[PDB]
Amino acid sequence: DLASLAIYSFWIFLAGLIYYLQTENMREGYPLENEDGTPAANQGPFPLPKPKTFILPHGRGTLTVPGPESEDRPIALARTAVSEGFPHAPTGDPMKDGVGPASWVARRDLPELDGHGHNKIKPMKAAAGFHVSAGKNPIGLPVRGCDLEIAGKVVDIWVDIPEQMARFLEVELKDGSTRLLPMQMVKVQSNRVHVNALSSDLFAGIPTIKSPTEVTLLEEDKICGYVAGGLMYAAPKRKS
């Protein structure tokens, strides 16, 4: 009957839908590789889809995927075993080298832009009309790391203009330079901002931005990666 036909057709549709969905989700990261960067022998049963091209706004070009994959940066790790599937040890200081949970991707070294082509994120001092509208204003608070020592002080908030939200705290260190801290990695308290991921001595090693009133996607990745990496790599200097 008709119900039998409908249910049989539906499962055929669903198998086709799943094939389409899985292949769409292979537009990044594939083909799979061995640990040494060469193509793996076993790619599995789904082939790569035909490329699509996204047209990016404001003259930034296009992206075509899938396309040739590469890291575009050195990776300071080495095998710890003679066969596949074991961890790779940092060959230096993993925080400075940007590996493990301190990792960063070689994103475009330009700022993300809003829909009018202005910088998406700006220090609040240069964002006209923007101010703190609720909650404890962090500006002026001392900033404490997980060693319980003061690492610096908050001198601004960087804000997402189109979405109206706090993205980073700008923190000045003892030497008078500043660093960005991801808003999602600080706790604003009544008398301080507390940063569990980093001990005070690691603040200076947070990657710097090249221009003081904008941050490029590359730089946001280095900064956020470095701070998150501290949860694993500053664990010896943390504490209670």
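Numbering starts at 1 and runs along the sequence shown. Rigid core (definition): largest C-alpha set, two forms, superposition within 1.5 Å.
Of 70 to 78 and 130 to 138, which departs more from this form in 9 other deposited structures of this protein by CA RMS after core fitting = Once the cores are fitted, 70 to 78 deviates more in 9 other deposited structures of this protein.
Greater Cα displacement in 9 other deposited structures of this protein once the core is superposed, comparing 31 to 39 with 209 to 217 = Larger mean C-alpha displacement, comparing 209 to 217 and 31 to 39 in 9 other deposited structures of this protein, is found in 31 to 39.
Stretch exceeding the other in mean C-alpha B-factor - 22 to 30, 40 to 48 | Looking at the record's C-alpha B-factors, the answer is 40 to 48.
From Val159, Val99, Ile150, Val105, which pick has the Cα B-factor that tops the rest in the entry?
-> Comparing C-alpha B-factors across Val159, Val99, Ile150, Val105, the top value belongs to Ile150.
Can you work out whether the C-alpha temperature factor of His131 puts it in the lowest, middle or highest third of the chain?
-> Middle third - that is where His131 ends up once the chain's C-alpha B-factors are sorted.
Within this chain's modelled residues, let me know which third the CA B factor of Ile55 belongs to: lowest, middle or highest.
-> Its C-alpha B-factor belongs to the highest third of this chain's values.
Hey, what third does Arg167 fall into on Cα B-factor, ranked over its chain?
-> Lowest third - that is where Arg167 ends up once the chain's C-alpha B-factors are sorted.
Which third of the chain does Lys125 land in by C-alpha B-factor: lowest, middle or highest?
-> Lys125: CA B-factor falls in the highest third of its chain.
According to the PDB entry, is the CA B factor of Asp72 in the bottom, middle or top third of its chain, that is, lowest, middle or highest?
-> Tercile = middle for this residue's CA B-factor.
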